[PDB]
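In: Quick one, structure for this:
(3 chains)
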Amino acid sequence: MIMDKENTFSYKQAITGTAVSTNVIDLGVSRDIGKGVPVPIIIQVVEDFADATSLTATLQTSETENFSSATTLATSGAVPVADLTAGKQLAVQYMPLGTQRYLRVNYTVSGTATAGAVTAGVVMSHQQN
Amino acid sequence: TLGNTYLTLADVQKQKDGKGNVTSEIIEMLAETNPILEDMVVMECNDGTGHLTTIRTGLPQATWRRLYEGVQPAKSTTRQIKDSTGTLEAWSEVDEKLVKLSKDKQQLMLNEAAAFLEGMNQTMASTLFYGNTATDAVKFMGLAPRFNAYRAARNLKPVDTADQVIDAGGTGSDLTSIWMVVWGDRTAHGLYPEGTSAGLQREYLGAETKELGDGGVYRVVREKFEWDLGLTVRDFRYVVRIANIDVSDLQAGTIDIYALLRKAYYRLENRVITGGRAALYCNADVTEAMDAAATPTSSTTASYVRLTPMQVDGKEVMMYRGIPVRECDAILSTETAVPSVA
Amino acid sequence: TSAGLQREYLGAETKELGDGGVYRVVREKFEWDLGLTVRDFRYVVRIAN
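Out: Numbers count the residues shown, from 1 in each chain, chains lettered A, B, ... in the order given. Sharing the structure here:
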């Protein structure tokens, strides 16, 4: 995975408790990504989890820099507690369609865990196996 | 008060034969063999201060380079060690009257000189194998003061010498220690300051005129026996010291010496790759136990070495996997304990 | 990307500080990227534990 700063939602961000991605992408203008050439992304859990019931990593976008107009481009769903393991790709393999000016990652956890981390962003070539 | 030194008349009387001539057949019951002094490689300090060696005590850390993420420029950290050469000296002195009273003058001096040579050799071997500079400050850094504490949970090869040593479980006072040393220019070798000469520098001054604080004087015949030496282990990984071997259980057939020999070979990570000549210095009990394991009998409880009927007696083990087993007498069976270190 | 562990003796540089300070530096850069890509795990076997 050839990750990169300046195009990373969050580097080694801790998940415990409801919170959003530390870094919010800003594409200059509200032009589109998912269309045309595929753009791989991996909102993937890195470090294991705890008593938290679930996790709801969603790829929210909005025209404003601060996200007051939520728009779900893709959702992880209510992934159960058991599957919050390292290497779990929680969302789509490629960038969904309809990217606005800014994109965020929203982590909604049922309950609060004592452990959990995520490194989300766009990679040069999503590495399988 | 004391009648020490000076080769008093009693010994001359006992150095006299039945015919009254000075004997040349002095039985040497307290004689030792020390091949360490012979096979060890030496050279000169050839520098103002002591022998200096430079070590890498840390490598710079690499980073994975998130694209458009800065990389911190790292460094290389180095540590050093010094060394020095000890100096031993033995001085013979007799009274010309005493030697003239003896029927011969060559025989008495020959016997005393042989005694001096053997004593100096034994002292040098003893200090080479157990010479501590922390408690002497005039000796030279031996091998026992290094490796003085071993490590139980062996790590790969940390900078402390404690990882080199293998503990055999010996607890009491029967504790001996095997030694494997690799001798070479870069690894480990002897030293002697430039301006001196290697080996024993025997000197014969001849007759002198020893005075006294009182005022009286008289003739004396004197000799000088001097030897300068310094031991240096540049790379500590080049020396492995098995330690805490209980000789009682070693002879009983409990401390299987070949497993410890393998462990000492492998903790000798280097040398196996290269470095120079190496050796397996040990005392008599160790070679006896190696013979015991090599030629099994109603011994131990199990072994895997069948013996043809013509060789049920045994042989004298000479080399270990090509390493010569230079059995030495300097090593004692009364070595102190080696405390375990985490 | 070039093959294997690379090395670039960049030579002398300038290293401008954040307070107007300036003094020469020389920078040597070491780079290496690779992936092992076991294409057929039939050719590999592991014994663990």
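In: What's the local residue count around residue A:18?
Out: Using other CB atoms under 10 Å in any protein chain shown, residue A:18 is surrounded by 13 other residues. To be clear about C-beta, it is placed using only N, CA and C from the backbone, and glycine gets the same treatment.
In: Could you report the separation of the spatially closest residue to residue A:62 that is not a sequence neighbour from chain C?
Out: Spatially, and ignoring its direct neighbours in sequence, residue A:62 is nearest to residue A:69 (4.7 Å; CB to CB, 6 or more residues apart in numbering or on different chains). According to CB to the nearest CB, to the nearest Å, residue A:69 and chain C sit 40 Å apart.
In: quick one: the helices in the chain?
Out: You didn't pick a chain, so chain A it is. Under the criterion DSSP state H, chain A carries no helices.
In: if you could check chain B rather than the one you did, that'd help
Out: For chain B, helices defined by DSSP H occupy the ranges B:9-14, B:36-39, B:96-101, B:106-129, B:247-252, B:257-267, B:269-272, B:284-294.
In: Contact residues of the stretch 1-150 of chain B facing chain A?
Out: Taking CB under 8 Å from any CB of the partner chain as the test, the list of the stretch 1-150 of chain B residues beside chain A reads B:66, B:67, B:68, B:69.
In: what's the single longest strand in chain A?
Out: Longest strand in chain A, counting residues (DSSP state E): strand A:8-14.
In: so how far is that one from its chain's centroid?
Out: Between the centre of strand A:8-14 and the centre of its chain there are 9 Å (CA atoms, centre = their mean, to the nearest Å).
In: How many residues are close by the residue nearest to residue A:62?
Out: Residues near residue A:69, counting by other CB under 10 Å: 11.
In: re the thing from before, so which of the residues of the stretch 1-150 of chain B next to chain A comes closest to residue B:268?
Out: Using CB to CB, the shortest approach to residue B:268 within these belongs to residue B:66, at 41.9 Å.
In: Look up the closest residue to the closest one, ignoring the ones flanking it.
Out: Of all residues not flanking residue B:66 in the chain, residue A:5 sits nearest, at 4.9 Å (CB to CB, 6+ apart).
In: Return the nearest residue of chain A with respect to chain B.
Out: The nearest approach of chain A to chain B comes at residue A:4, 3.4 Å away (CB to the nearest CB).
In: contacting residues around that residue?
Out: For residue A:4, the contact set (CB atoms under 8 Å, 6 or more residues apart in numbering or on different chains) comprises A:121, A:122, A:124, B:66, B:67, B:68, B:69.
In: most surrounded residue in the residues you listed?
Out: When neighbours are counted by other CB under 10 Å, residue A:121 leads the contacts of residue A:4 with 24 neighbours.
In: List the contacts of the spatially most central residue of chain B.
Out: By CA atoms, centre = their mean, chain B has its centre lying nearest to residue B:129, at 3.1 Å. Taking CB under 8 Å, 6+ apart as the criterion, residue B:129 is in contact with B:36, B:142, B:143, B:144, B:179, B:281, B:328, B:330, B:331.
In: and if you look at residue B:225?
Out: B:89, B:90, B:91, B:92, B:116, B:117, B:120, B:200, B:202, B:203.
In: was I right about the last one contacting residue B:223?
Out: I take that to be residue B:203. Yes. Proximity of residue B:203 to residue B:223 meets the contact threshold set by CB atoms under 8 Å, at 6.7 Å.
In: Could you check which of those two has the larger neighbour count?
Out: Per other CB under 10 Å, whichever of residue B:203 and residue B:223 has more neighbours is residue B:223, with 18 against 11.
In: Which residues are in contact with that one?
Out: Residue B:223 makes contacts with B:91, B:92, B:93, B:109, B:112, B:113, B:116, B:202, B:203, B:204, B:205, as judged by CB under 8 Å, 6+ apart.
In: same deal with residue B:67?
Out: A:2, A:3, A:4, A:5.
In: Get me the contact residues on chain A for chain B.
Out: Counting by CB under 8 Å from any CB, chain A comes close to chain B at A:2, A:3, A:4, A:5, A:6, A:7, A:8, A:11.
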